[PDB]
There are 2 protein chains.
Amino acid sequence: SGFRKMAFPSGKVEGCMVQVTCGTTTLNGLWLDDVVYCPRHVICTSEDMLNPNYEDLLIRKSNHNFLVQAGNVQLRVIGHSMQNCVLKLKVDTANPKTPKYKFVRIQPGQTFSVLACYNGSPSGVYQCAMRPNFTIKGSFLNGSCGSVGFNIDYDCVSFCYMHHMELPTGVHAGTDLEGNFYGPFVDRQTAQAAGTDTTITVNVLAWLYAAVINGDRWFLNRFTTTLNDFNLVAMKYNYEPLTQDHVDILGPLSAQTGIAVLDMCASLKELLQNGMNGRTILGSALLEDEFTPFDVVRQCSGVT
Amino acid sequence: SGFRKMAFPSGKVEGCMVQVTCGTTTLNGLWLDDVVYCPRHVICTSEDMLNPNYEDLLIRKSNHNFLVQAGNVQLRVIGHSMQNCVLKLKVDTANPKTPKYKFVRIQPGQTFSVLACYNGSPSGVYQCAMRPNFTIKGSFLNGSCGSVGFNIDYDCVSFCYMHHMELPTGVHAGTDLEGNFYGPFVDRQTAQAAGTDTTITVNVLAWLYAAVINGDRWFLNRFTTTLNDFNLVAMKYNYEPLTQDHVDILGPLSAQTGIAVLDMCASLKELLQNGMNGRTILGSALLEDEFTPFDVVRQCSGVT
Ligand SMILES: CCc1ccncc1NC(=O)Cc1cccc(C(F)(F)F)n1
Ligand SMILES: CCc1ccncc1NC(=O)Cc1cccc(C(F)(F)F)n1
């Protein structure tokens, strides 16, 4: 019993973290096989960041200008290329600690663990969600760029996120491991709008199933609703419209608890319309949307 | 910017997790040097747990009855002894992945990371606090026993917790790495009372400093208070009495923000008396007490 915002064990990712220096800039890199991936803004200076011409800036750089340090050993750089907003530094040594890995582009609403790093050294690990507006509400400071987000399926690490920017609003923006930013964000120090962020309805419902599984049942009621009626309420409270796909994904949790998905929606509808009334659910005074149905099943069944 | 419930990177601890089987029971063990530490209730059966006589039960066991598996290799057990509520299995091989480590007994209110494990395999990592009543609000299932709690100072892992029990109330109880339980709890399947749990006042204040540092300032007000006046309010709301030690520990956060500790106490006093009024602080609708002043400084300064 008990339910926590659990992150994946970070060991497989710590073994890939390197430090990348280019000129005066130092940030983190990801060493997998003979390649170090890092944000391309490592080649920029404080003046450059207003409107950098990355192709022009990268032309002024040679393999020897990229200093890559793994712990305390220096890696020799034999190649450099730009792929979208990431630089790929080919090194002469394959990382002996490379785990089985994939590069995956996650969907908004999906969750992942972040290993925040500074100077190629890991400082902490936390569980995040890619917001519907493609931002992440992380915990990153100057030097954290290059820190990655990932998921783990037994021995395979799926890298999904690389940290690049903090938006003026304090929220975080980054790329997949191919350098494609999530959302409309560009790697420029300019005014950038994160869209309207909605609440991940399927995740909130999954978390209500986790609550019932773990003893918190007060919010359960004698009511039911329809997908259309529920979505009228979701619209008003800036929640993601619930679809039959979402209902189907909640199927295992519905079967485990014996509470029909639309019955759980009616409970959520009443929580949205009436609030918590000073009560808590799983130790929280708000509706938690950073646990997917998969996270709930995994945590409630002890998947290692 | 941003503030998350961040756990330490778990790599150094994953490399120590082994599986310990004894009879029909399987749980986790901690392999450091040539010793595997695990909860002594590994020698028990379902009948035994009502009132086990551990000295008598352990006498029926020999080195060969303790099956220790590290990943997929079997460890040879050349010694076994009981130290309080932990069994120490001497193995013939020192763990090649043993980090620099200490065994420390934490204080109530201090925080730590837990690496939840099943069958000697890590499943997730989360940040916890040792409650004032010596319980932890963890996320553990059957098989999680032997999972450890720890802190990291650069390269040294300080092990502070070993998971042993889930109390009938759904809260978790365990020991230091010498087998001494935190709190009055015993390793018997009996009625066990966790005392009155209070809110860790110094941690809530530290989290209010983290909020101001990270942009959330609405709760700040034109008032001040005294340690005695604040403690009258803390008493009423089951908060830990604030002492001059607590004030002194908040000194670095007070100096960083320029907000006197007693001014922050007045803000907390008003939040206790008036509630949040449907607002949030650092994305939370309640007063968070699982970040110590040290955690706040560490996260806000990027200590690796
Ligand atoms: C406050 C520093 C910080 C904090 C939390 N995450 C990240 C950072 N760092 C940055 O955002 C660096 C930076 C500044 C300007 C422009 C760019 C861009 F090229 F990516 F667009 N990067
Ligand atoms: C529900 C299983 C579980 C879940 C979350 N943490 C732990 C557990 N397991 C146990 O508590 C095992 C157990 C049962 C009875 C008595 C004892 C004791 F000897 F330690 F006292 N241990």
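These numbers come from the heavy atoms of this one structure, side chains and all, not from hydrogens, waters or symmetry mates. Lettering of chains follows the sequences in order, A, B, ..., and the numbering in each one begins at 1.
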Per-pair distances, 0.1 Å, donor-acceptor, side chain in residues 130-137 of chain A, under 3.5 Å, sequence neighbours excluded:
from	atom 1	to	atom 2	distance (Å)
A/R131	NE	A/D197	OD2	2.8
A/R131	NH1	A/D289	OD1	3.0
A/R131	NH1	A/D289	OD2	3.3
A/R131	NH1	A/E290	OE2	3.2
A/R131	NH2	A/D197	OD2	3.4
A/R131	NH2	A/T198	O	2.9
A/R131	NH2	A/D289	OD2	2.6
A/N133	OD1	A/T135	N	3.3
A/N133	OD1	A/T135	OG1	2.8
A/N133	ND2	A/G195	O	3.0

Region of A/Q299 in contact with chain B, defined by heavy-atom distances below 4.5 Å: both
Under 3.5 Å: donor-acceptor pair, side chain of A/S10, backbone of B/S10: yes
With a 4.5 angstrom heavy-atom cut-off, which part of B/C128 approaches chain A: side chain, backbone, both or neither? both
Hey, which residues of residues 111-122 of chain B are touching chain A, say heavy atoms under 4.5 Å apart? B/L115, B/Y118, B/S121, B/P122
Can you tell which of B/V125, B/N142, B/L286 has the highest number of heavy-atom pairs within less than 4.5 Å of chain A? B/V125
Look at B/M6, B/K12, B/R4 and state which one has the largest set of heavy-atom pairs under 4.5 Å with chain A. B/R4
Members of residues 150-174 of chain A whose heavy atoms come closer than 4.5 Å to chain B: A/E166, A/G170, A/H172
Taking side chain to side chain contact (heavy atoms under 4.5 Å, CB included) as the test, write out the residues that go with A/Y237, two or more places apart. A/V233, A/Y239, A/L272, A/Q273
The interface call for B/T280 against chain A, heavy-atom contacts under 4.5 Å, is side chain
Looking at A/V303 and B/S123, what are the two nearest heavy atoms and their distance? O-CB, 3.2 Å
Atom CZ of residue position A/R279 - does it have more than 12 heavy atoms of other residues, nucleotides or ligands inside 6.0 Å? yes
Is there side-chain contact between B/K5 and A/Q127, with heavy atoms separated by less than 4.5 Å? no
Using a cut-off of under 4.5 Å for heavy-atom pairs, which of A/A285, A/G2, A/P9 has the most such pairs with chain B? A/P9
Residue from B/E14, B/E288, B/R298 scoring the most non-hydrogen pairs under 4.5 Å with chain A is B/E14
